[PDB]
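Data first, discussion second: the structure below is written as structure tokens.
Taken together, the values in this text are just the output of simple stated rules run on the coordinates, not laboratory data. Cβ placement follows ideal geometry from the backbone for every residue including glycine, while neighbour counts extend to all protein chains displayed.
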Amino acid sequence: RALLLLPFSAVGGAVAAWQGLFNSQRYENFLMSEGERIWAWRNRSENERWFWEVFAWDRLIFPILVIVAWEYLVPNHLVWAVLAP
Amino acid sequence: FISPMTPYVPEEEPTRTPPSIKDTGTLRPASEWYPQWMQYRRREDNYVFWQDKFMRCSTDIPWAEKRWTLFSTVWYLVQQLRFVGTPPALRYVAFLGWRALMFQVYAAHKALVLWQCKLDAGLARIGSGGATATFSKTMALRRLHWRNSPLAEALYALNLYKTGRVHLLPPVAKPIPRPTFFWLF
Amino acid sequence: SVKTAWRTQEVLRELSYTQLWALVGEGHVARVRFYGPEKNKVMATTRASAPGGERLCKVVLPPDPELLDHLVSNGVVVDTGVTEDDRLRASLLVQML
Amino acid sequence: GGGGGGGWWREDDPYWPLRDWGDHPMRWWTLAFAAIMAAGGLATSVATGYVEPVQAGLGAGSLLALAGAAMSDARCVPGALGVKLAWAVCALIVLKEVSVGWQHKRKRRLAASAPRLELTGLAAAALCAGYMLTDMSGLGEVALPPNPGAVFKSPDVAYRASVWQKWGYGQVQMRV
Amino acid sequence: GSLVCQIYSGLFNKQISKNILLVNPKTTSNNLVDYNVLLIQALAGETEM
Amino acid sequence: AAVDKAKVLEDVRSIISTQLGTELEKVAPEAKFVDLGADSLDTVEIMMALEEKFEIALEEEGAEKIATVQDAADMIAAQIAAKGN
Ligand SMILES: CCCCCCCCCCCCCCCCCC(=O)OC[C@H](CO[C@@H]1O[C@H](CO[C@H]2O[C@H](CO)[C@H](O)[C@H](O)[C@H]2O)[C@H](O)[C@H](O)[C@H]1O)OC(=O)CCCCCCCCCCCCCCCCC
């Protein structure tokens, strides 16, 4: 009689409700609000983004790491510790 | 020398962005997109809803919010993880949860403000005998809109408790400026 | 001079074999943790009855086959920092890899 | 209770503490904290014999008293510098208390040492929060130097080239 | 503002294309920086588009 | 800012009635809240509801002088006009 047991329909209803939560005007309004907040934060920062995208590794951390790594690797020699680097 | 009556109050540059035109100021969540008063205004005079987005985020940024510091360098990572590092679906469900929680805390604050009005009447009776038993509705709205400092609240409560004078209010608290410590924050 | 210097965190305090042997024989060391790839360094956790309380000292030794017949002879429990929880976390990491 | 300006106490002008008297709101708080820090440090060093209480006592109390003197006219560069110095001293007190601890509070057990956050650290953190929540803006021109990412969309070719040259690039073609 | 927020939200990627007419009346001497191209370039530079 | 004062008055009357219990008829422009029998705290709750409905900040100084429904709608309409700036 009751085929409702083993509820694959009920476990797929979670995915159906998840899909129905978006593609609505509420989610479009939330996306536009997030675009406004992203625009505001991008205008606010403008320096930290350049520091983190250009400076932080290539001109701050990586030279320190390679100099420390080279001095940790090469023997205690004048050529290998000063002149070759 | 050219003293103009009132002692000259220096007008420093703003350090925080002015609050948005859709704000409520009362800890209640703002509306989703449209602040609902536009329907009670004429069309083509509601141009200042996008003219708040401009000059709140593009053209009138205070220079105290463009300061580069170590704290802002760290905080860029939090904001980047929030915006481009976390999916907008999870951001949306967290936004819904925060909206519901903020509505609940606004209802709690409104009930607390009404109870503070009742306490206002009680303290205004104990201090003026039995004559003054009202309460200041402007002070009620001031408590609701968070325009009062704790010192102002304590001074007003003490003032009620020992002389009455409901309609003698403390000064409105100024907005807190953004703190700056050199290169740290 | 604990009443003269300022407090500066809690660094280890390099001892020597002789120092550690003295405070092990006098019953001031509660636990030892042998470390080093060559296993020639020891974290000595002292007990509260020691003159100075619980301090995590660091000792470097020569290879002398008499350490056991002093430590477990008097009171000292040897230990390693890798427990079964750490081993199971390592197994989980291997599974993720 | 009689600080800053006058005082009336439940008769007339009841909200007199909120009047702008010309000084910082936290001036008497930082002066009182300087007094109790110097007194507590001297008393602790006399009672125990440790010299960290007096050295980290009167030494920080003098800085807080100088900051409170500089905050007596909180509309000037001395006022901004005084509130920044007072915040720095209180933040250093909180940092030392919750990271290193107090030497005279050293105990036998490792769990009894426990740097923690006692009443002095609580008071210094409360003063820090008081500075932040009353007034710290001022000397906001002192920050990290502007990046070439700030001046990418700047309308000033001279300013963009100055940042270009200062940050080592200099000879990169501007094309603007 | 609608275009900027649509761009920053990503919806401008999947939105229907539209034509917008711009009118800047002929009063500039020669070609001393046209404000229509100035405004559209500012829109594209602010949106990084 | 050319606020539709008729619409503002109609919604203000609706809010007042909705909170208290009366119909839209009983809430007349010239009617005092005192006539409707809203207590002091009830008048304050009505001002809170008006703030929530119109999503605006009520002019605190002057809320002790909101007597008529017409006065409430006039202060609200002035605030709607002053919001856009
Ligand atoms: C019908 C659908 C069924 C579910 C919907 C509702 C049920 C459950 C809702 C979510 C769970 C409980 C949320 C309660 C507190 C919110 C968490 C948080 O920290 O706060 C989240 C904030 C709030 O969102 C943003 O918040 C911004 C900043 O405001 C606030 O931001 C912070 C809020 O934390 C601070 O408190 C700050 O003081 C305050 O200003 C804006 O103001 C806006 O509100 C908005 O843009 O987001 C952020 O910054 C952080 C972004 C990422 C965090 C993700 C946390 C939870 C994700 C759940 C994913 C699981 C998916 C399955 C679905 C089931 C859900 C469990």
**Asked** Each residue of the stretch A:51-57 in turn: what ³J(HN,Hα) in whole Hz from Karplus with 6.51, -1.76, 1.60 and θ = phi - 60°, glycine and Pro shown as x?
**Response** 4, 7, 9, 10, 8, 4, 8
**Message:** Less than 16 Å apart at the alpha-carbon level, and either on another chain or at least 8 residues along: which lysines does that give for residue D:153?
**Reply:** B:66
**Viscosity 1.567 mPa s, temperature 4 °C, Stokes-Einstein D of the protein assembly as shown from Kirkwood C-alpha radius, µm²/s** = 40
**Asked** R0 = 51 Å: FRET efficiency of residue B:70 with residue B:163, Cβ-based, nearest 0.05?
**Response** 0.55
**Prompt:** Given a cut-off of 22 Å, what percent of all Cα-Cα pairs of chain F lie beyond it?
**Reply:** 15
**Under 17 Å from the Cα of residue C:39 - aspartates and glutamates, other chains or at least 8 residues apart** = C:14, C:64, C:66, C:79
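Could you work out the mean count of beta carbons from other protein chains within 10 Å of each residue's beta carbon in D:73-84? Working shown, then result.
Working: counts 0, 0, 3, 0, 0, 0, 0, 1, 0, 0, 2, 5.
Neighbouring Cβ atoms belonging to other protein chains average 1 per residue here.
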**Message:** Using only the alpha-carbon atoms, how far is helix B:70-83 inclined from the longest principal axis of chain B? Give it as 0 to 90 degrees, nearest 10.
**Reply:** 80
**Prompt:** When the C-alpha atoms of chain B are aligned to their principal axes, what extent does each axis show, in angstrom, from largest down?
**Reply:** 62, 56, 42
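What's the local net charge at residue B:22, with K and R +1, D and E -1, over the other residues with C-beta under 9 Å away? Kindly include the intermediate steps, with their values, before the conclusion.
Working: positive: none; negative: B:23, B:52, F:55.
Once all neighbours under 9 Å are counted, the net charge is -3.
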**Whole-Hz couplings from phi, Karplus 6.51/-1.76/1.60, listed for the stretch B:57-68; x for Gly and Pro** = 9, 10, 10, 10, 5, x, 6, 6, 8, 9, 5, 9
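Mind checking the dipole of the stretch A:1-44: about its Cα centre, +1 per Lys or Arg Cβ, -1 per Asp or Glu Cβ, Debye to the nearest 20? Write out the running numbers ahead of the final one.
Working: 5 positive and 3 negative charges, 18 e Å.
For the stretch A:1-44, the charge dipole is close to 80 debye.
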**Message:** Counting other beta carbons within 10 Å of each residue's own, what order do B:47, D:50 fall into, fewest first?
**Reply:** B:47, D:50
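What is the order of A:8, E:12, fewest Cβ neighbours within 10 Å to most?
On the way: A:8 7, E:12 17.
By the 10 Å Cβ count, ascending: A:8, E:12.
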**Message:** 5 Å is the cut-off here: which amide hydrogens, built 1.01 Å from N in the peptide plane, fall below it relative to residue B:30, excluding neighbours closer than 5 in sequence?
**Reply:** none
**Asked** Which value in nm describes the separation of the simple spin-label points at residue D:171 and residue D:43, placed 7 Å from the Cα toward the beta carbon?
**Response** 6.9
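Where in chain D are the DSSP H helices whose alpha-carbon span along the long axis reaches 20 Å or more and whose Kyte-Doolittle mean is at least 0.0? Present the calculation step by step, with values, prior to reporting the outcome.
On the way: long enough: D:27-48 (31 Å, 1.07); D:77-99 (32 Å, 1.52); D:119-134 (22 Å, 1.57).
Span-like helices, by this rule, are D:27-48, D:77-99, D:119-134.
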**Request:** Output the Kirkwood hydrodynamic radius of the stretch D:128-176, Cα pairs only, in Å rounded to one decimal.
**Result:** 13.1
**Cα long-axis angle, helix B:150-163 against chain B (0 to 90 degrees, to the nearest 10)** = 10
**Placed amide H near residue D:74: partners under 5 Å, 5+ positions off or other chain** = D:23, D:24
**Request:** Starting from the Cα of residue D:154, step 7 Å along the direction of its Cβ; do the same at residue C:96; then give the gap between the two resulting points in nm.
**Result:** 4.4
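Provide a whole-number value for the mean count of partner chain Cβ atoms within 10 Å of the Cβ atoms in peptide D:145-151. Could you put the intermediate results ahead of the total?
Details: counts 3, 6, 9, 4, 12, 7, 3.
Averaged over the peptide's residues, the number is 6.
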**Asked** For chain C, treating each Cα as an identical point scatterer without solvent, what Debye log10 I(q)/I(0) comes out at q = 0.16, 0.24 1/Å?
**Response** -0.75, -1.26
**Prompt:** Roughly how many Å is it from the Cα centre of the stretch B:46-125 to that of the stretch F:1-48, as a whole number?
**Reply:** 30
**Message:** What is the ratio of the Cα radius of gyration of chain D to 2.2 N^0.38 Å, with N the residue count, to two decimals?
**Reply:** 1.46
**Complete:** Kirkwood Rh over alpha-carbon pairs of the stretch D:76-119 plugged into Stokes-Einstein at 37 °C, 0.692 mPa s gives a D in µm²/s of 273
**Request:** For chain D, set up a Gaussian network in which alpha carbons nearer than 10 Å are linked by springs, and say which option among D:149, D:40, D:57 fluctuates the most.
**Result:** D:149
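Can you give the charge dipole size of chain F about its Cα centre, rounded to the nearest 20 debye, using +1 on the beta carbon of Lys and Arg and -1 on the beta carbon of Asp and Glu? Walk me through the numbers before you get to the answer.
Working: 8 positive and 19 negative charges, 53 e Å.
Here the size comes out at about 260 debye.
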**Prompt:** Kirkwood Rh over Cα pairs of chain A into Stokes-Einstein at 25 °C, 0.890 mPa s: D in µm²/s?
**Reply:** 127
**Given charges at beta-carbon only (K, R positive; D, E negative), |dipole| of the protein assembly as shown in Debye** = 1080
**Item:** Between 0 and 90°, nearest 10: helix C:84-96 axis offset from chain C longest Cα axis
**Value:** 30
**Fill in**
Listed by chain and number, the residues whose amide H is under 5 Å from that of residue C:30, excluding neighbours fewer than 5 places away on the same chain and using placed H, are C:45, C:46, C:47
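Listed here are the pairs B:53/F:5; B:22/B:53; B:53/B:174; C:3/D:105; F:32/F:65; which of them are more than 18 Å apart at the Cα? Don't jump to the answer; show the numbers that get you there.
Working: B:53/F:5 27 Å; B:22/B:53 10 Å; B:53/B:174 24 Å; C:3/D:105 11 Å; F:32/F:65 11 Å.
In this structure, B:53/F:5; B:53/B:174 exceed 18 Å between Cα atoms.
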